[PDB]
């Protein structure tokens with residue numbers, strides 16, 4: 002059994018809410034307040050396994066993603082900033 006790292010990305014001024022992916026396994030995101038009255042989405046997403054950024058970007062082409070593992074396992078606790086947290090957290094998928 003092999004484990005994969007979560008994908009940390011940030012979506013600013015989203016045109017719509019995210020959803021589960023047939024390729025991924027779990028979906029986690031939350032809404033935050035910032036950059037003008039508008040809102041942004043922030044969370045972690047775990048893909049199938051051998052899925053590059055192309056897989057995630059395919060769902061939301063035009064966002065900031067990071068697979069460098071800047072929070073591999075650490076995002077399970079901190080996740081996002083509660084001080085600036087607006088909505089969530091939210092879990093979807095398996």
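Residue numbers (the UniProt record's numbering): 2 to 95. Just so you know, even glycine gets a beta-carbon here, dropped at the ideal spot from N, CA and C.
- For residue 44, the enclosing beta strand (DSSP E) starts and ends at 40-47.
- The Cβ-Cβ distance between residue 57 and residue 8 falls below 8 Å.
- Rounded to the nearest whole angstrom, the CA to CA distance from residue 66 to residue 30 is 13 Å.
- Boundaries for residue 16: no alpha helix (DSSP H) harbours it, and the DSSP string shows neither H nor E there.
- Residue 94: not part of any alpha helix (DSSP H); member of the beta strand (DSSP E) spanning 91-94, first to last residue.
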